[PDB]
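Structure record follows, encoded as structure tokens.
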Amino acid sequence: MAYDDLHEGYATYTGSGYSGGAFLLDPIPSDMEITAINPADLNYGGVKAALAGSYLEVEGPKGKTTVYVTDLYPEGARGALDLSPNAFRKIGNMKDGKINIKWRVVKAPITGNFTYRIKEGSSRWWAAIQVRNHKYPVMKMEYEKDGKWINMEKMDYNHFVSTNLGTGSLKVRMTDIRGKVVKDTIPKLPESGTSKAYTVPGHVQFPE
């Protein structure tokens with residue numbers, strides 16, 4: 001109904017998600033509080049991986065904490081989260097196995113601008129571009145070509161994808177879950193698909 005509405009569900013805990021999570025957000029600091037998220041809640045607004053790299057404030061029987069969303073919780077029911085143990089311990093008893101929670105999307109406790117990650121295989125012909133360090137969920141990414149703004153499809157693996165992106169620097173614009181839009185420019189994509197993924201610095205952030 002609204003993006004920041006309270007969700008009721010359950011949480012278990014897991015050690016997965018620090019490395020190899022579905023949203024390709026590595027490296028994740030080993031002491032970060034993180035979660036995997038069920039697929040229905042993940043795909044808010046009909047955007048795949050809408051909530052990938054979002055932060056959630058999660059309340060359990062013992063208190064509240066904030067977690068970075070790094071992975072899919074496969075087959076997870078609506079409302080359900082698979083927390084890292086450092087997060088789970090803060091809000092419940094690990095000996096219970098599974099606890100009732102209430103959670104909502106919150107502003108990222110971060111500083112600085114976006115960083116972009118260009119997936120391996122990317123070029124001006126086909127590219128997958130991830131936004132990192134974003135204050136709110138990224139719902140939309142578009143790039144400019146011949147004076148037109150082209151919408152990029154967000155994929156399950158938390159990158160936006162297009163083909164035939166054109167030449168020169170890539171002018172992009174990002175829309176958050178509140179509908180705030182920021183514009184940035186990324187250097188030229190390679191002329192042949194890259195063998196390795198790489199990151200490039202961004203210069204903008206969603207407003208407070």
Side-chain angles (χ1 to χ4, degrees), residues 1-4 21-28 37 39-56 68-72 105-208:
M1 199 283 324
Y3 88 88
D4 56 349
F23 309 150
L24 306 180
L25 284 172
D26 301 9
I28 311 291
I37 186 173
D41 294 337
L42 174 64
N43 303 322
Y44 182 93
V47 175
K48 298 186 269 176
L51 290 204
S54 70
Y55 293 68
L56 311 178
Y68 184 40
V69 182
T70 70
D71 202 0
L72 175 69
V105 178
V106 298
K107 165 165 79 107
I110 65 182
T111 57
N113 292 139
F114 302 154
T115 287
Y116 311 99
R117 176 194 196 260
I118 285 83
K119 198 173 194 300
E120 69 290 340
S122 292
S123 64
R124 60 173 294 202
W125 306 110
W126 174 92
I129 305 171
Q130 171 178 84
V131 188
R132 299 185 167 194
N133 200 237
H134 48 84
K135 278 226 173 93
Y136 290 91
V138 191
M139 297 301 288
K140 200 174 161 92
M141 188 169 185
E142 303 157 276
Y143 64 95
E144 193 177 31
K145 187 187 196 277
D146 300 332
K148 305 288 191 225
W149 287 93
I150 299 176
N151 192 49
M152 308 171 79
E153 187 186 351
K154 204 178 190 174
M155 308 297 285
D156 288 334
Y157 53 90
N158 190 37
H159 286 60
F160 295 90
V161 172
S162 198
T163 63
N164 191 31
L165 297 95
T167 58
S169 293
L170 187 75
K171 207 101 79 65
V172 291
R173 75 185 181 196
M174 283 64 52
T175 313
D176 80 2
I177 206 160
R178 303 170 302 169
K180 305 312 182 166
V181 177
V182 296
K183 288 201 208 294
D184 201 354
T185 311
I186 286 166
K188 56 90 67 45
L189 288 163
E191 293 287 335
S192 190
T194 55
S195 52
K196 291 147 197 266
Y198 61 97
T199 60
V200 291
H203 315 86
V204 295
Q205 179 55 263
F206 295 126
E208 271 296 309

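We're numbering straight along the sequence, starting at 1. Side-chain atoms are counted along with the backbone in the values below, which use heavy atoms only and exclude waters and symmetry mates.
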With sequence neighbours excluded, tell me which residues meet ring pair (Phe, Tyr, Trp, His ring centres under 6.0 Å) with [X].
X      : value
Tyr157 : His159
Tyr116 : none
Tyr68  : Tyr55

Derivation of the side chain to side chain donor-acceptor pair (under 3.5 Å) call for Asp184 and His203: CA-CA 7 Å; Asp184 201 354; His203 315 86; 2.9 Å; yes
So, taking the atom named [atom1] in [X] and the one named [atom2] in [Y], what distance separates them when rounded to the nearest 0.5 Å?
X      : Y      : atom1 : atom2 : value
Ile28  : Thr70  : CD1   : OG1   : 5.5 Å
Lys135 : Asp176 : NZ    : CG    : 11.0 Å
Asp41  : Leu51  : CG    : CG    : 7.5 Å
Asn158 : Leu42  : CG    : CG    : 8.5 Å
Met139 : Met174 : CE    : CE    : 15.0 Å
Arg117 : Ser122 : CZ    : OG    : 9.0 Å

Using a 4.5 Å cut-off on heavy atoms from C-beta on, say whether the side chain of [Y] contacts that of [X].
X      : Y      : answer
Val69  : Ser54  : yes
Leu189 : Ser123 : no
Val105 : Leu56  : yes
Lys180 : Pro207 : yes
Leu25  : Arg132 : yes
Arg124 : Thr167 : yes
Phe23  : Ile37  : yes

Verdict with reasoning, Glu153 to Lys48, per salt bridge (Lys or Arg N to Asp or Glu O under 4.0 Å): CA-CA 8 Å; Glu153 187 186 351; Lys48 298 186 269 176; 3.0 Å; yes
Verdict with reasoning, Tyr136 to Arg178, per side-chain contact (heavy atoms from CB on, under 4.5 Å): CA-CA 8 Å; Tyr136 290 91; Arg178 303 170 302 169; 3.3 Å; yes
side-chain contact (heavy atoms from CB on, under 4.5 Å) assessment of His134 paired with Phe206: CA-CA 7 Å; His134 48 84; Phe206 295 126; 4.1 Å; yes
Provide the closest heavy-atom pair for [X] versus [Y] in the form atom of the first, atom of the second, distance.
X      : Y      : result
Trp125 : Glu191 : NE1-O, 3.5 Å
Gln205 : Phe114 : OE1-CE2, 3.2 Å
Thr111 : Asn133 : O-OD1, 2.9 Å
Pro190 : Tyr198 : CD-OH, 3.5 Å
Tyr44  : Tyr3   : OH-N, 3.2 Å
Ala49  : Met155 : CB-O, 3.4 Å

Audit row: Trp126, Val161, side-chain contact (heavy atoms from CB on, under 4.5 Å) steps and yes/no: CA-CA 7 Å; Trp126 174 92; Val161 172; 3.4 Å; yes
Ion pair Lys107/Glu208, N-O distance below 4.0 Å: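 Here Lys107 pairs with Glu208 in a salt bridge, since their nearest N and O are under 4.0 Å apart.
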Candidates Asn151, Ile186, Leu170 - the one meeting side chain to side chain contact (heavy atoms under 4.5 Å, CB included) with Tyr143: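 Testing each of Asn151, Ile186, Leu170 against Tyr143, the sole residue satisfying side chain to side chain contact (heavy atoms under 4.5 Å, CB included) is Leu170.
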Of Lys154, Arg173, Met152, the residue whose pairing with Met141 passes side chain to side chain contact (heavy atoms under 4.5 Å, CB included):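 Running side chain to side chain contact (heavy atoms under 4.5 Å, CB included) over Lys154, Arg173, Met152 with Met141 returns exactly one hit, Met152.
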Criterion side-chain contact (heavy atoms from CB on, under 4.5 Å) on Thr185 and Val172, from CA distance to verdict: CA-CA 6 Å; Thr185 311; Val172 291; over 6 Å; no
